[PDB]
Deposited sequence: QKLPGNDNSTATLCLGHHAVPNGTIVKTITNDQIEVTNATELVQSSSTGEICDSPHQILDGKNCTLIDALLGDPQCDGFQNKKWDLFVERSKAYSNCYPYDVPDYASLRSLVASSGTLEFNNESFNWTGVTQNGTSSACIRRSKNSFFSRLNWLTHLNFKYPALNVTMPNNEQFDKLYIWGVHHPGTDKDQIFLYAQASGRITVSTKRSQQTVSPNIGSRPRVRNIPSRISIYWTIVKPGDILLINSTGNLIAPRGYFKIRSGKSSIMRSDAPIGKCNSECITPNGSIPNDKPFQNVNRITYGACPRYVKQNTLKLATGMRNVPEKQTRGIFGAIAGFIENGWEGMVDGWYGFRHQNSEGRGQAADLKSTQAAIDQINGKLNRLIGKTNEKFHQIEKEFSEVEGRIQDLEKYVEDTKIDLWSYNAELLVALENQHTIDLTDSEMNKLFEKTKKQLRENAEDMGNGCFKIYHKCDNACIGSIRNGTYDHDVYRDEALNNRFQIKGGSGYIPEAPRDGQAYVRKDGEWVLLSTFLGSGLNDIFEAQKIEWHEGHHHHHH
């Protein structure tokens, strides 16, 4: 014929996906990726982090030396896993400010213990109880020394332990609370008195309180656990007349990345930087919806189950071009041309604009994938007891953090999707304008993303147009005679 049609357009797919934008809650796009990791593997992997599986022990039971926790002596960890099945199997005890000691040790990350020789004269050492059975024999906590009277005398103790090291020493000690006064006389041969443990920077005075308590493992008495930190150059002085559960030495306090987590997940074998109570998770996606409790290089926790990031163009499902619809028959790229001339129909993708759009999308993806924030010790996020004001503040802080990160994730995804669509529409417009400018006065814009080229134009001139080599001067006289009827 005397006139050719050259149409420009973009690909489409039979069934696209729905993403959210600033302007439209439901825009159909050719492709999208999930940015929220909604599921775990079900196992906590033993690497890269060092994980100490508490099995039947809690961290405090391992700290004190519960007979069932002998396998935890002098251990180190990056993450301590506390099981819901853990239980105490030793003399009943309580820890004032339990959460602080548990956090303190979990943060330290070690049960390394150095024995020290305390004078403890005039008293009987290594008291035992039927509650703590170690080797089918009555025992006591392996890191505590239950002192009792010697020959019906318990002289006042004034025992000095200087700290001549360069590190903080953690001393764990306690106070015996007998069930009855008869037990107080039997064990200490005197009135309760009081126990004072002090350092140059501190003092703690605890009185025994004799009285019956509900029996736990047939024991009506309790031991209260206290701890003290001795700085380098300081001195630990224990002044006690009875009811003292003495230290046997000290634990080291070190800084580090250690923490404690509560989880019943089995320990697996893999390399995964992010550990949650539900198991290790991939840390490639910027967000997760698995848990609130995390350790390592984890995605940020959000409340959305799914957030879809567009990675392609608007689908616009179905010669004519971009303005009317997309082209479902194009599989070699995202942008292209269709032709109708004296030879027949044709089609070829434009790969440079496809690659430009892909490069911009890949840029956004690189900015959003594998960019997690590594966190270690954090506040407790789940509670089993009603504690009051402190627990309420911890819950409020976490709820605020989660709501703010969920907002940021929703806004960020809507922002990235709107920019992806605007950029690929701009690229479509750039290709159309480039073709129009190349054609100069040899073609007219028909209004549907197509040019009417007013001259005979075989496949060679069409190819020249596609690759940017169309010389409008050679066809100017023919095009003007057909277009304006000179």
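Where C-alpha coordinates are absent, the deposited sequence of this PDB chain has the segments 1-7, 326-334, 503-557.
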